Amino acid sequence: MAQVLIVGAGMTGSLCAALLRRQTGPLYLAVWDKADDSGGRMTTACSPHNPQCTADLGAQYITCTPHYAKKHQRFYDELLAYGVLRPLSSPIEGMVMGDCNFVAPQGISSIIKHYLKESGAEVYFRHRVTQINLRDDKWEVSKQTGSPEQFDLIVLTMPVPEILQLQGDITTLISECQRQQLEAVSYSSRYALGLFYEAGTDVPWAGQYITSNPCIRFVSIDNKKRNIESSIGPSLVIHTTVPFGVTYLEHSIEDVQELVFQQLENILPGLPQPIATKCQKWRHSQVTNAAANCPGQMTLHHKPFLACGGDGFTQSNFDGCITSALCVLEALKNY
C-alpha cells in the first residue's frame, strides 16, 4: 500500500532501497534518476566499439579503514561473497596507508546495480524531479516530462545544491536554520577523461597520483587496476585537478578534451591515438568543507515523510554513503 520514492540511482539511493526491502513489507519501491543509466559519481563508461572495454569515470577504488571494518563488516563481506568486490592486487604510485584496498572487477557501477536488483525496486531513467508539492497529506512529485506522481515517503540522495534547485512546497518545508546549514555544504569540481584502445601496452604501475602537474591529478589503467587478463583493449582514466575543474566548468567539452589530451603527452609520451573518448564533467565532485553539523541525514517533514541523504551529510567515500543510508533508515523506522 505504501508508495516510497528514492530520488537518485547512486550509491546512497541504491543502498537505501536495498536496506528498505529488509526490516519491513508490503511496499511499492520506485527509484528515479535524471541520467540514462545508474551509478551517479560511481559510473562506468563503456566503449562504443565493445561493451567489454570499460572505464570508471568517477570513483576508482574502495579504501577500507580499520575503523569502518568491523563497523560496516556485514556490507563488505556481502560484496566479497558475491564477487562484486575483490582486493586490489595491482600497483598504484603515490598512495598513502592498516588500510585495505578493494576493486570492482566488472566496473565500479556494478555495486549500485547489485543493490538495485536486491531491492526489486522499479527503476526509471531520464526522470528529473522538478517539483515536490503537498496535496491531501501525500506528495505530488512533478518531472521534466510528463505527468506527476503520488507517494507516501520520499528520500532525496542528490548533492545538496541540487536539492535546493527544486521548486514547490519543499522550498517552504525547509526552515531558515536548515536552509543555512544546507547552504554551508560545498563540493569541489573536476573533469574526467575516459580513453579507449584496442592497441595494448606501457608502465609498471596501474594507477598514479600526480601533485606536480597543473592540469592532471590522477591517471589509471582501468583494465590493469581491475586485473582483466583477457586479450579487450586497454582503458585510460584521467582525473583533473580542482583549479582546472573550476576554471573550465562553463567551457566547451571539445575544448577541455584538447587541454587534457595535450597534457597527457607531457606525463606519458609514446601512446597511440585512442579509438574512443568520453569526457565527464563532475560539477559536484567531492564534499570539501560541508556537513553542516556532521549528521547522516536531514528530515524535513514527518507525516508524510521526506528526508535528504547522501555525501553532503557524511564524507565523499563508500563508507560515508553507507553511514548516510543507515541514518535515513533509522529515521523512517517508526513510519
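The numbering used is simple: start at 1 and walk along the sequence shown.
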In terms of residues present in the deposited sequence but not modelled, what lies between residue 231 and residue 232: none, 1 to 3, 4 to 9, or 10 or more?
1 to 3
Unresolved deposited residues lying between neighbours residue 201 and residue 202
1 to 3
Mean Cα B-factor comparison, 238-246 or 166-174, giving the higher one as deposited
166-174
Ranked by mean Cα B-factor in the entry, 31-39 and 273-281, top stretch is 273-281
Going by the CA temperature factor in the entry, name the top one among 62, 57, 291, 308.
291
I'd like to know which of 217, 135, 127, 190 has the highest C-alpha temperature factor in the PDB entry.
135
Consider only the C-alpha atoms of the modelled residues in this chain, order them by B-factor as the entry records it, and name the third containing residue 151: lowest, middle or highest.
lowest
Can you work out whether the C-alpha temperature factor of residue 115 puts it in the lowest, middle or highest third of the chain?
lowest
Splitting the chain's C-alpha B-factors into thirds, which one does residue 317 fall into?
lowest
Lowest, middle or highest third: where is residue 180 by C-alpha B factor in its chain?
highest
Ordered by C-alpha B-factor within the chain, which third holds residue 223? Give me lowest, middle or highest, please.
middle
